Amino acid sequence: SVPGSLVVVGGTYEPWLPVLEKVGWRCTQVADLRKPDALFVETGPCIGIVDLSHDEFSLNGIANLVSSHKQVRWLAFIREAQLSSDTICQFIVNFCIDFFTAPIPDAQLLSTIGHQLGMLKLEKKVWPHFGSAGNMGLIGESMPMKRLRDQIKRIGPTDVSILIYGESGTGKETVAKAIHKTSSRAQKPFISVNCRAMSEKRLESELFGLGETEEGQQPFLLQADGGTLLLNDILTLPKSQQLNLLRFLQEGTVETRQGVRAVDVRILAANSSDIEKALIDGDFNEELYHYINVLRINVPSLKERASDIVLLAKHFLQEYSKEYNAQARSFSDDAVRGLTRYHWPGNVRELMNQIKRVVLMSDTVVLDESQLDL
């Protein structure tokens, strides 16, 4: 295990660095700001110490690197000069667990860290150094995919609501299944709901509803008891429904035909909108949002999926050709760069759909320059 890193140009802070050398905990020292950003990106859950003993490196950028997205995937800690806690001490808005004095109790500082080192060690123990497999990562396997799957795993088991966002057709629904597998209630039911349509009619009938609900029915919430329910594009939801949703997340009760009984469901949500505007405009509920935004997961788009683009193609054909008895089996080296350059607004689904349409057209074994433009 190497999950320990501090950042400063002052690599002479011996009053507390070799104390980890001798105790057998080692170190990882950064001097710049651009470097640890990428570092903290690839290290995941770890312990990081910021030496702000006036060692010459910003403050606006400090709070940035800490909260760029290094929130849950990093337990913050800081070192400051003994006489420096006056002005912008508000940096502990990012409650960096604890600060650091100069009168080193070369034995007590470990009590601060060891209780937080062990605090971290539990996560890395039960499943150390992972970044692949998991049923072939369900979809892809690139570099942001590595980060993704590591986030998923550590946020999986936690039966709190997680906010899934990313471009449309990125596979937000796929991820919802992934965390469910880790949520230990995998065997228990799962329901993905396309909320783009629904309208106030059917949407209400699945919690209470008009005097309709033509017998049986059994609301999805009831049917997802112990399992998992997904809500794609929750932003689209009518206000009166976001209400009924909020009642459940406090009560957990639904009105059925044979009784307004209560159920246990872990709730997931999907979004594609700018959400910040909807909050302001009041289009979507704020309190509900705080019930949802407890955990956020960043679903990558066509940012850096170049290594996935080439792989995402190979699987679909293997899954699509065999399914529809095709002769096409391989791609051309021309089509390679062409697909990588493509922006894919629909991302996966588009790359999933476009490939599907090509198969039923191509009468050859290898695909060419053909109208992949559309």
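Residue numbers run from 1 along the displayed sequence.
S.K.: Out of 20-28 and 351-359, which one has CA B-factors that are higher on average in the deposited record?
M.R.: Mean C-alpha B-factor is greater for 20-28.
S.K.: Quick one: say whether 270-278 or 253-261 has the higher mean Cα B-factor in the deposited entry.
M.R.: Comparing averages over the C-alpha atoms only gives 253-261.
S.K.: Of the choices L229, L203, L138, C96, which one's C-alpha carries the largest B-factor in the record?
M.R.: In the PDB entry, the greatest C-alpha B-factor among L229, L203, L138, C96 is found at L203.
S.K.: Between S192, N285, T170, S199, which one tops the list for Cα B-factor in this entry?
M.R.: Reading the PDB entry, the winner on C-alpha B-factor is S199.
S.K.: Check where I104 lands among this chain's C-alpha B-factors and tell me if it's the lowest, middle or highest third.
M.R.: It belongs to the highest third of the chain when residues are ordered by C-alpha B-factor.
S.K.: Comparing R73 with the other modelled residues of its chain, is its CA B-factor in the lowest, middle or highest third?
M.R.: Answer is middle: the recorded C-alpha B-factor places it there.
S.K.: Quick check for you: using the entry's CA B-factors within this chain, is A81 in the lowest, middle or highest third?
M.R.: As the PDB entry reports it, the C-alpha B-factor of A81 lands in the middle third of its chain.
S.K.: Could you look up the Cα B-factor of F130 in the entry and say which third of the chain it sits in: lowest, middle or highest?
M.R.: Ranked within chain, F130 CA B lands in the highest tercile.
S.K.: C-alpha B factor of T213, ranked within the chain: lowest, middle or highest third?
M.R.: Within its chain, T213 is a highest-third residue by C-alpha B-factor, going by the deposited values.
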